[PDB]
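*Asks:* Structure incoming, see below.
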6 protein chains.
Amino acid sequence: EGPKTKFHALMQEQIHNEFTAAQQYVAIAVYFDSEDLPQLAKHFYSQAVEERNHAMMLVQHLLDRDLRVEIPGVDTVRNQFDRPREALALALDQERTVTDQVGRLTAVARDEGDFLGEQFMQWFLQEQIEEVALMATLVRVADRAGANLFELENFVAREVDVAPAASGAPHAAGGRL
Amino acid sequence: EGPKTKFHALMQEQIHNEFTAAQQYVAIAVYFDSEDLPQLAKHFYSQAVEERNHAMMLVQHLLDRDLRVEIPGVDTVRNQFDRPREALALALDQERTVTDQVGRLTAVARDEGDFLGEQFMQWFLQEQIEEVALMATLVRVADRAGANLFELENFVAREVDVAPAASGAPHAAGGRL
Amino acid sequence: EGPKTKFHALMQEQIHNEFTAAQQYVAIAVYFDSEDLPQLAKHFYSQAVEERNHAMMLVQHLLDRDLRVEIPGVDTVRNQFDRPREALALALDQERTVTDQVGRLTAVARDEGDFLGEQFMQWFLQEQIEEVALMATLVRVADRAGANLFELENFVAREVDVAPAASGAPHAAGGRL
Amino acid sequence: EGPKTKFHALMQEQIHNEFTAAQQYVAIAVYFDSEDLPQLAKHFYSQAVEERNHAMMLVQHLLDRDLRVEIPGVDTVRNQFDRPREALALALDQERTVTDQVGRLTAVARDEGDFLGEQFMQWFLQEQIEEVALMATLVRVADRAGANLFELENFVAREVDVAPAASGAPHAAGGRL
Amino acid sequence: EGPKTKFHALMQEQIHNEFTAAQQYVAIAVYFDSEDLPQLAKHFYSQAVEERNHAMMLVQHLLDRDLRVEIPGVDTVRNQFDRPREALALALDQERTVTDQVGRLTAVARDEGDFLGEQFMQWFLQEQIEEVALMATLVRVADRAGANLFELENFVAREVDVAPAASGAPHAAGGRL
Amino acid sequence: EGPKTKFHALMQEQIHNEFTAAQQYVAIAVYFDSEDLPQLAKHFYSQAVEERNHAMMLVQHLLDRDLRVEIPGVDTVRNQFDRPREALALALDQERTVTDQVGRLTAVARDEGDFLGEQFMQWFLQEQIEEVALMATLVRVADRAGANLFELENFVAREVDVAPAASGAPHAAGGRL
């Protein structure tokens with residue numbers, strides 16, 4: 001209790017960050033749900049679930065290496081939004097922050113010579129590319145729609161496709177939801 | 001912002017309590033997972049998911065009545081346990097506390113004359129009976145097994161059965177996981 | 001317009017290189033086609049298509065990161081060959097050059113601290129191993145066949161197998177052909 | 001090397017033109033892709049592929065007549081557009097230019113008394129009618145939609161139908177993609 | 001014969017190490033077989049086969065890069081064990097040593113600027129995480145079982161699951177067994 | 001430890017010999033693989049696997065009689081060959097040597113009055129007939145082909161048939177691969 005490597009410490013923080021991110025995505029979906037944007041709400045419920053899966057993957061990685069892992073609390077998240085665009089903006093900012101965090105985790109792994117950690121990080125880097133692309137798309141399409149939220153909903157219904165999970169995902173503690 | 005009924009306030013607290021309970025169940029499952037009790041860990045991963053569903057149901061109820069609902073933070077939960085029995089004890093104590101909370105919610109609904117709330121509460125009362133029974137079973141079987149954790153795992157594998165959800169559950173925001 | 005990172009610049013050059021490589025593969029296939037080596041021609045038509053897919057993947061990567069991407073021209077390629085071996089040699093030299101280019105792209109990604117780029121590059125490294133192996137095989141088998149082109153064609157028909165794409169390929173702009 | 005008929009020369013130029021046209025269609029699709037007009041982008045990715053097929057057909061025709069054929073470079077194409085309409089306009093202008101080119105090829109065939117060439121040209125004339133009609137439709141529908149790009153996308157999704165290739169197409173070198 | 005890179009040399013040593021590891025796993029399985037622990041013996045026969053596959057993958061990698069590869073001898077392995085736990089301990093120590101070896105191979109690849117080698121190593125890093133986790137589980141469960149070997153066998157039968165190979169494995173010389 | 005019968009001792013040596021033979025077959029297959037003789041390489045990968053099975057059968061026989069059995073090391077094998085014929089010659093010489101070894105094992109069994117051993121040996125005698133016949137065929141066909149290795153490969157592809165294992169094989173420790 002005390003000889004924790006930087007990578008171990010950073011991974012525990014990332015588990016906190018991921019659970020917090022999942023909760024923020026839930027808050028955003030509920031906000032959309034209560035503005036009668038079901039398509040957006042459905043998409044973000046899915047996102048909350050997948051963020052939860054990511055946290056479980058970090059947990060599972062710590063279990064597999066027999067490193068001490070704790071399930072954290074969750075910070076309060078944001079529920080007030082003036083307009084749907086502001087919540088899509090928050091989600092884009094969150095995805096970009098997650099990209100930075102995973103990059104920092106990779107860098108710390110490489111610095112400590114923790115090869116296992118570095119390899120494990122690679123899949124998250126890959127997921128981040130696609131996630132950020134989709135959130136940026138949603139933000140741009142929201143700007144184009146402006147006041148007309150129905151067009152935004154129609155774009156989401158036609159163009160935003162739930163993909164069944166590719167293989168290659170790391171195993172999540174408790175199985176991937 | 002301010003004319004919130006007691007039932008509305010209490011339901012928002014219950015949403016906080018349920019999310020916290022789900023997180024505590026996750027912590028317990030991870031603890032079991034890292035003690036190599038896969039059967040117990042699998043059961044409690046399921047329990048965490050179902051507690052999450054319950055919180056979503058409370059959320060959905062507030063959405064359906066157009067009452068203000070906020071997704072809360074989550075308190076830190078307990079991760080240290082000296083022995084598996086102590087974690088099964090924590091889970092039993094939590095289920096009993098939840099029974100009290102749902103009973104208090106029912107009582108507050110009845111007091112305010114909120115019939116909709118009272119009816120909605122009924123399903124949770126029903127779920128509590130079965131949940132508490134199962135946790136109490138697990139605690140008694142852990143005592144009987146004592147030091148021999150393999151028997152506990154074998155009991156769980158043979159006797160503890162995931163049931164597909166009966167009908168009659170209230171709808172959960174974002175669909176039941 | 002001007003703050004382009006080295007990785008962005010290098011990726012745009014690689015898009016030019018890949019389209020050029022696809023066109024050179026087409027030229028080689030047409031050359032084989034007109035020497036009545038259908039098996040070789042069929043193989044290299046496939047190769048041209050797969051190089052095109054690779055270019056589309058680089059394009060898609062730039063789209064996903066919202067980086068400016070331009071579809072380039074294509075340099076003139078080589079059409080004259082004295083003998084089929086000389087064209088298989090050109091193809092081997094091209095595959096090796098591509099290996100260098102992808103390695104340089106990886107190195108530039110690592111240097112700029114562009115983790116997303118580095119991860120994305122990994123799949124191309126992997127494809128290069130197999131591609132170079134197969135081209136080197138074709139060159140050695142051409143030497144062994146010498147003047148007797150029928151044996152070369154028979155080797156290709158029996159031993160060179162189109163594999164359906166494994167999973168794990170990055171997504172190509174416009175879908176993988 | 002030097003006794004090339006006008007039809008042979010013109011066909012080699014047309015192969016250059018077709019490859020250039022395919023690349024321009026790719027540039028247009030990528031432009032649409034990066035403006036979040038997936039339906040338009042999908043349509044033009046298809047168009048790029050079909051232009052490539054056309055070039056391959058011209059190649060195959062030269063192979064079948066044992067006429068010298070070279071795979072050319074590709075001119076740089078246009079990537080900047082101020083607004084989607086301007087790119088649909090470019091595509092319409094390109095289809096009309098292609099109609100002129102194929103007509104000139106037919107006329108040159110008839111002039112040299114190259115019956116084989118003339119017959120072969122007929123299928124391209126036929127394809128041009130339909131292609132120009134569709135591009136002109138897209139331009140008119142873009143004008144009607146004006147600023148509202150969502151309507152344009154909806155028109156494309158409902159009304160623009162990929163048809164499986166009719167029979168009667170000439171064979172393409174390397175098989176029709 | 002003499003300009004061998006460090007990565008080439010280290011890979012040849014790793015091929016020796018992997019074949020030796022496979023043979024040691026066979027010795028362990030035979031030891032379990034002759035102590036009437038069929039479930040453990042079955043698991044370790046599988047492990048021996050999969051270690052053999054790993055060696056074949058390293059071989060295939062050297063074949064694909066046209067690097068000189070030799071099939072080595074195999075060192076004598078350990079057959080005497082005082083108690084099954086001591087053999088599970090040997091297997092855990094071996095898996096950890098393999099993790100170090102693959103990490104050293106990765107580091108040497110990165111040092112020489114051998115990108116192909118580094119990418120190829122990644123899959124082995126990933127396999128090591130899971131393998132070490134499972135061996136550590138077996139050791140802990142053996143300690144918990146103590147003198148009672150039947151519980152150990154029962155844990156293995158219920159909880160240790162042969163997974164069909166995921167995709168993404170590198171190709172093994174002679175096909176994966 | 002010391003009252004080992006001649007048959008027991010000889011069987012342990014044979015286990016060493018068989019593992020060595022399997023490794024030599026692997027070396028030969030890899031040699032063929034790296035000369036681009038896939039059909040020969042495939043055949044000898046199969047042979048290596050079947051030699052491994054034979055060693056496992058000898059192991060299993062010692063397990064069934066509760067005789068002490070040790071998994072041995074493996075001698076270094078030959079990897080250099082000047083020409084494919086020289087490796088087919090090595091394989092023929094090895095199969096003939098194995099025939100002698102199994103005959104000596106039978107003779108020693110008969111001498112010690114070990115009926116169980118003698119009966120068990122019979123299946124190996126039978127396998128040797130067919131194996132030697134096939135290797136001798138390959139050598140003669142290689143001589144007939146001479147410099148023209150393609151004919152050798154074609155003979156192997158058409159005439160050398162993997163047969164599913166007949167019944168009557170003795171059981172192999174860890175199941176027959």
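In the structure tokens, the first chain shown is A, the next is B, and so on; residue numbers restart at 1 for each chain, and ligands run from 1 in the order shown.
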Report chain E as a PDB file with C-alpha atoms, in the first residue's frame in the frame of chain A, after least-squares superposition over all C-alpha atoms paired in order.

*Replies:*
```
ATOM      1  CA  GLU E   1       0.000   0.000   0.000  1.00  0.00           C
ATOM      2  CA  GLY E   2       2.133   2.862  -1.326  1.00  0.00           C
ATOM      3  CA  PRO E   3       4.370   1.447  -4.047  1.00  0.00           C
ATOM      4  CA  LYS E   4       1.786   2.279  -6.723  1.00  0.00           C
ATOM      5  CA  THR E   5       3.184   3.034 -10.145  1.00  0.00           C
ATOM      6  CA  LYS E   6       2.122   6.149 -11.967  1.00  0.00           C
ATOM      7  CA  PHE E   7       0.232   3.998 -14.453  1.00  0.00           C
ATOM      8  CA  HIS E   8      -1.716   2.277 -11.680  1.00  0.00           C
ATOM      9  CA  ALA E   9      -2.587   5.606 -10.077  1.00  0.00           C
ATOM     10  CA  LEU E  10      -3.583   7.163 -13.386  1.00  0.00           C
ATOM     11  CA  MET E  11      -5.738   4.156 -14.281  1.00  0.00           C
ATOM     12  CA  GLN E  12      -7.617   4.435 -10.998  1.00  0.00           C
ATOM     13  CA  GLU E  13      -8.250   8.101 -11.767  1.00  0.00           C
ATOM     14  CA  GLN E  14      -9.416   7.112 -15.203  1.00  0.00           C
ATOM     15  CA  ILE E  15     -11.893   4.721 -13.684  1.00  0.00           C
ATOM     16  CA  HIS E  16     -13.249   7.629 -11.695  1.00  0.00           C
ATOM     17  CA  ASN E  17     -13.332   9.757 -14.860  1.00  0.00           C
ATOM     18  CA  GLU E  18     -15.139   7.127 -16.910  1.00  0.00           C
ATOM     19  CA  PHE E  19     -17.839   6.520 -14.324  1.00  0.00           C
ATOM     20  CA  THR E  20     -18.300  10.269 -14.108  1.00  0.00           C
ATOM     21  CA  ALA E  21     -18.505  10.508 -17.877  1.00  0.00           C
ATOM     22  CA  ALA E  22     -21.136   7.786 -18.009  1.00  0.00           C
ATOM     23  CA  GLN E  23     -23.201   9.610 -15.442  1.00  0.00           C
ATOM     24  CA  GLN E  24     -22.889  12.872 -17.363  1.00  0.00           C
ATOM     25  CA  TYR E  25     -24.077  11.107 -20.493  1.00  0.00           C
ATOM     26  CA  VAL E  26     -27.090   9.834 -18.564  1.00  0.00           C
ATOM     27  CA  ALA E  27     -27.842  13.376 -17.432  1.00  0.00           C
ATOM     28  CA  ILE E  28     -27.658  14.570 -21.013  1.00  0.00           C
ATOM     29  CA  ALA E  29     -29.951  11.817 -22.237  1.00  0.00           C
ATOM     30  CA  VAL E  30     -32.497  12.553 -19.550  1.00  0.00           C
ATOM     31  CA  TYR E  31     -32.331  16.210 -20.547  1.00  0.00           C
ATOM     32  CA  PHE E  32     -33.011  15.290 -24.153  1.00  0.00           C
ATOM     33  CA  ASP E  33     -35.759  12.905 -23.058  1.00  0.00           C
ATOM     34  CA  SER E  34     -37.496  15.715 -21.212  1.00  0.00           C
ATOM     35  CA  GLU E  35     -37.235  18.049 -24.209  1.00  0.00           C
ATOM     36  CA  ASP E  36     -38.966  15.450 -26.386  1.00  0.00           C
ATOM     37  CA  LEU E  37     -35.942  14.658 -28.499  1.00  0.00           C
ATOM     38  CA  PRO E  38     -36.278  10.830 -28.286  1.00  0.00           C
ATOM     39  CA  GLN E  39     -33.725  10.133 -30.996  1.00  0.00           C
ATOM     40  CA  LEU E  40     -31.060  12.156 -29.224  1.00  0.00           C
ATOM     41  CA  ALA E  41     -32.071  10.712 -25.885  1.00  0.00           C
ATOM     42  CA  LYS E  42     -31.842   7.142 -27.218  1.00  0.00           C
ATOM     43  CA  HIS E  43     -28.391   7.851 -28.645  1.00  0.00           C
ATOM     44  CA  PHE E  44     -27.100   9.232 -25.398  1.00  0.00           C
ATOM     45  CA  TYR E  45     -28.575   6.420 -23.274  1.00  0.00           C
ATOM     46  CA  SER E  46     -26.522   4.125 -25.488  1.00  0.00           C
ATOM     47  CA  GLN E  47     -23.488   6.335 -24.965  1.00  0.00           C
ATOM     48  CA  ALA E  48     -23.909   6.213 -21.217  1.00  0.00           C
ATOM     49  CA  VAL E  49     -24.000   2.446 -21.341  1.00  0.00           C
ATOM     50  CA  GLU E  50     -20.897   2.269 -23.500  1.00  0.00           C
ATOM     51  CA  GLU E  51     -18.985   4.639 -21.213  1.00  0.00           C
ATOM     52  CA  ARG E  52     -19.922   2.352 -18.353  1.00  0.00           C
ATOM     53  CA  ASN E  53     -18.489  -0.537 -20.340  1.00  0.00           C
ATOM     54  CA  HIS E  54     -15.253   1.387 -20.775  1.00  0.00           C
ATOM     55  CA  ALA E  55     -14.956   1.904 -17.057  1.00  0.00           C
ATOM     56  CA  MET E  56     -15.560  -1.780 -16.545  1.00  0.00           C
ATOM     57  CA  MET E  57     -12.766  -2.536 -18.995  1.00  0.00           C
ATOM     58  CA  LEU E  58     -10.346  -0.412 -16.979  1.00  0.00           C
ATOM     59  CA  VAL E  59     -11.529  -2.208 -13.858  1.00  0.00           C
ATOM     60  CA  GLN E  60     -11.020  -5.585 -15.516  1.00  0.00           C
ATOM     61  CA  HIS E  61      -7.546  -4.617 -16.590  1.00  0.00           C
ATOM     62  CA  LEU E  62      -6.639  -3.821 -13.033  1.00  0.00           C
ATOM     63  CA  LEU E  63      -8.153  -7.129 -11.897  1.00  0.00           C
ATOM     64  CA  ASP E  64      -6.172  -9.073 -14.484  1.00  0.00           C
ATOM     65  CA  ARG E  65      -2.887  -7.572 -13.343  1.00  0.00           C
ATOM     66  CA  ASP E  66      -3.823  -8.147  -9.708  1.00  0.00           C
ATOM     67  CA  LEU E  67      -3.542  -4.453  -9.026  1.00  0.00           C
ATOM     68  CA  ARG E  68      -5.618  -2.857  -6.328  1.00  0.00           C
ATOM     69  CA  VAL E  69      -8.767  -1.317  -7.786  1.00  0.00           C
ATOM     70  CA  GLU E  70     -11.501   0.641  -5.970  1.00  0.00           C
ATOM     71  CA  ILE E  71     -14.954   1.525  -7.291  1.00  0.00           C
ATOM     72  CA  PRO E  72     -15.167   5.290  -6.773  1.00  0.00           C
ATOM     73  CA  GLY E  73     -17.916   7.764  -6.121  1.00  0.00           C
ATOM     74  CA  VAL E  74     -19.137   9.966  -8.950  1.00  0.00           C
ATOM     75  CA  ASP E  75     -18.978  13.731  -9.099  1.00  0.00           C
ATOM     76  CA  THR E  76     -22.162  15.658  -9.543  1.00  0.00           C
ATOM     77  CA  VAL E  77     -22.795  16.264 -13.201  1.00  0.00           C
ATOM     78  CA  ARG E  78     -24.473  19.042 -15.168  1.00  0.00           C
ATOM     79  CA  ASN E  79     -28.273  18.787 -15.701  1.00  0.00           C
ATOM     80  CA  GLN E  80     -29.237  22.361 -16.701  1.00  0.00           C
ATOM     81  CA  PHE E  81     -28.941  23.281 -20.316  1.00  0.00           C
ATOM     82  CA  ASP E  82     -30.344  26.343 -22.038  1.00  0.00           C
ATOM     83  CA  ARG E  83     -30.677  24.669 -25.395  1.00  0.00           C
ATOM     84  CA  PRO E  84     -29.884  21.196 -26.898  1.00  0.00           C
ATOM     85  CA  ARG E  85     -26.852  22.552 -28.693  1.00  0.00           C
ATOM     86  CA  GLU E  86     -25.250  23.426 -25.379  1.00  0.00           C
ATOM     87  CA  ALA E  87     -25.563  19.824 -24.263  1.00  0.00           C
ATOM     88  CA  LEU E  88     -24.117  18.484 -27.512  1.00  0.00           C
ATOM     89  CA  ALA E  89     -21.282  20.929 -26.960  1.00  0.00           C
ATOM     90  CA  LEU E  90     -20.725  19.567 -23.475  1.00  0.00           C
ATOM     91  CA  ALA E  91     -20.610  16.043 -24.898  1.00  0.00           C
ATOM     92  CA  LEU E  92     -18.083  17.037 -27.558  1.00  0.00           C
ATOM     93  CA  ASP E  93     -15.910  18.722 -24.958  1.00  0.00           C
ATOM     94  CA  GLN E  94     -16.103  15.599 -22.814  1.00  0.00           C
ATOM     95  CA  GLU E  95     -15.086  13.295 -25.652  1.00  0.00           C
ATOM     96  CA  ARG E  96     -12.104  15.505 -26.425  1.00  0.00           C
ATOM     97  CA  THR E  97     -11.084  15.548 -22.784  1.00  0.00           C
ATOM     98  CA  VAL E  98     -11.295  11.752 -22.765  1.00  0.00           C
ATOM     99  CA  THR E  99      -9.015  11.647 -25.769  1.00  0.00           C
ATOM    100  CA  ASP E 100      -6.483  13.689 -23.803  1.00  0.00           C
ATOM    101  CA  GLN E 101      -6.803  11.432 -20.777  1.00  0.00           C
ATOM    102  CA  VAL E 102      -6.244   8.272 -22.754  1.00  0.00           C
ATOM    103  CA  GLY E 103      -3.296   9.879 -24.467  1.00  0.00           C
ATOM    104  CA  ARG E 104      -1.836  10.815 -21.118  1.00  0.00           C
ATOM    105  CA  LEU E 105      -2.366   7.271 -19.899  1.00  0.00           C
ATOM    106  CA  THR E 106      -0.547   5.937 -22.946  1.00  0.00           C
ATOM    107  CA  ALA E 107       2.292   8.364 -22.431  1.00  0.00           C
ATOM    108  CA  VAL E 108       2.634   7.406 -18.764  1.00  0.00           C
ATOM    109  CA  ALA E 109       2.628   3.739 -19.688  1.00  0.00           C
ATOM    110  CA  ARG E 110       5.389   4.310 -22.226  1.00  0.00           C
ATOM    111  CA  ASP E 111       7.349   6.344 -19.709  1.00  0.00           C
ATOM    112  CA  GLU E 112       7.266   3.726 -16.995  1.00  0.00           C
ATOM    113  CA  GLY E 113       8.092   0.982 -19.446  1.00  0.00           C
ATOM    114  CA  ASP E 114       4.738  -0.678 -18.712  1.00  0.00           C
ATOM    115  CA  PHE E 115       4.263  -2.450 -22.006  1.00  0.00           C
ATOM    116  CA  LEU E 116       1.098  -4.239 -20.920  1.00  0.00           C
ATOM    117  CA  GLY E 117      -0.548  -0.943 -20.071  1.00  0.00           C
ATOM    118  CA  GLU E 118       0.480   0.647 -23.356  1.00  0.00           C
ATOM    119  CA  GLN E 119      -0.903  -2.172 -25.473  1.00  0.00           C
ATOM    120  CA  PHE E 120      -4.127  -2.175 -23.475  1.00  0.00           C
ATOM    121  CA  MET E 121      -4.557   1.568 -24.055  1.00  0.00           C
ATOM    122  CA  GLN E 122      -4.454   1.184 -27.842  1.00  0.00           C
ATOM    123  CA  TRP E 123      -8.088   0.065 -28.183  1.00  0.00           C
ATOM    124  CA  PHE E 124      -9.295   3.135 -26.317  1.00  0.00           C
ATOM    125  CA  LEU E 125      -7.340   5.416 -28.608  1.00  0.00           C
ATOM    126  CA  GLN E 126      -9.081   3.768 -31.528  1.00  0.00           C
ATOM    127  CA  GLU E 127     -12.537   4.161 -29.966  1.00  0.00           C
ATOM    128  CA  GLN E 128     -11.851   7.797 -29.285  1.00  0.00           C
ATOM    129  CA  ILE E 129     -11.354   8.622 -32.948  1.00  0.00           C
ATOM    130  CA  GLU E 130     -14.798   7.409 -33.872  1.00  0.00           C
ATOM    131  CA  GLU E 131     -16.517   8.845 -30.822  1.00  0.00           C
ATOM    132  CA  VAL E 132     -15.109  12.302 -31.306  1.00  0.00           C
ATOM    133  CA  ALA E 133     -15.973  12.228 -34.985  1.00  0.00           C
ATOM    134  CA  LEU E 134     -19.592  11.416 -34.210  1.00  0.00           C
ATOM    135  CA  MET E 135     -19.960  14.051 -31.503  1.00  0.00           C
ATOM    136  CA  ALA E 136     -18.429  16.671 -33.758  1.00  0.00           C
ATOM    137  CA  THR E 137     -20.871  15.659 -36.474  1.00  0.00           C
ATOM    138  CA  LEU E 138     -23.771  16.083 -34.053  1.00  0.00           C
ATOM    139  CA  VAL E 139     -22.585  19.536 -33.067  1.00  0.00           C
ATOM    140  CA  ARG E 140     -22.199  20.709 -36.665  1.00  0.00           C
ATOM    141  CA  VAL E 141     -25.579  19.283 -37.616  1.00  0.00           C
ATOM    142  CA  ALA E 142     -27.158  21.007 -34.620  1.00  0.00           C
ATOM    143  CA  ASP E 143     -25.700  24.327 -35.784  1.00  0.00           C
ATOM    144  CA  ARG E 144     -27.059  23.763 -39.280  1.00  0.00           C
ATOM    145  CA  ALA E 145     -30.496  22.904 -37.885  1.00  0.00           C
ATOM    146  CA  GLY E 146     -30.488  25.914 -35.533  1.00  0.00           C
ATOM    147  CA  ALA E 147     -33.926  26.552 -34.078  1.00  0.00           C
ATOM    148  CA  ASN E 148     -35.387  23.638 -36.013  1.00  0.00           C
ATOM    149  CA  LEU E 149     -34.825  20.675 -33.705  1.00  0.00           C
ATOM    150  CA  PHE E 150     -36.892  18.319 -35.866  1.00  0.00           C
ATOM    151  CA  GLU E 151     -34.177  18.251 -38.533  1.00  0.00           C
ATOM    152  CA  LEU E 152     -31.609  17.357 -35.928  1.00  0.00           C
ATOM    153  CA  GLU E 153     -33.770  14.470 -34.760  1.00  0.00           C
ATOM    154  CA  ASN E 154     -34.264  13.298 -38.346  1.00  0.00           C
ATOM    155  CA  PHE E 155     -30.538  13.331 -39.018  1.00  0.00           C
ATOM    156  CA  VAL E 156     -29.959  11.243 -35.946  1.00  0.00           C
ATOM    157  CA  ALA E 157     -32.648   8.728 -36.856  1.00  0.00           C
ATOM    158  CA  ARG E 158     -31.389   8.158 -40.372  1.00  0.00           C
ATOM    159  CA  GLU E 159     -27.621   8.558 -40.073  1.00  0.00           C
ATOM    160  CA  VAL E 160     -26.534   7.593 -36.597  1.00  0.00           C
ATOM    161  CA  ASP E 161     -26.180   3.883 -36.493  1.00  0.00           C
ATOM    162  CA  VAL E 162     -25.651   1.661 -33.514  1.00  0.00           C
ATOM    163  CA  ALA E 163     -22.971  -0.808 -34.608  1.00  0.00           C
ATOM    164  CA  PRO E 164     -22.731  -4.191 -32.971  1.00  0.00           C
ATOM    165  CA  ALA E 165     -19.471  -4.329 -31.118  1.00  0.00           C
ATOM    166  CA  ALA E 166     -16.567  -5.302 -33.235  1.00  0.00           C
ATOM    167  CA  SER E 167     -14.310  -7.928 -31.896  1.00  0.00           C
ATOM    168  CA  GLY E 168     -11.062  -6.851 -30.348  1.00  0.00           C
ATOM    169  CA  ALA E 169     -12.612  -4.981 -27.459  1.00  0.00           C
ATOM    170  CA  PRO E 170     -10.933  -5.824 -24.155  1.00  0.00           C
ATOM    171  CA  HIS E 171     -13.049  -7.814 -21.773  1.00  0.00           C
ATOM    172  CA  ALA E 172     -15.194  -5.790 -19.352  1.00  0.00           C
ATOM    173  CA  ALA E 173     -15.648  -6.790 -15.719  1.00  0.00           C
ATOM    174  CA  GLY E 174     -19.129  -8.227 -15.513  1.00  0.00           C
ATOM    175  CA  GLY E 175     -19.471  -8.611 -19.275  1.00  0.00           C
ATOM    176  CA  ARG E 176     -20.054  -5.884 -21.823  1.00  0.00           C
ATOM    177  CA  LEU E 177     -23.465  -4.268 -21.687  1.00  0.00           C
TER     178      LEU E 177
END
```
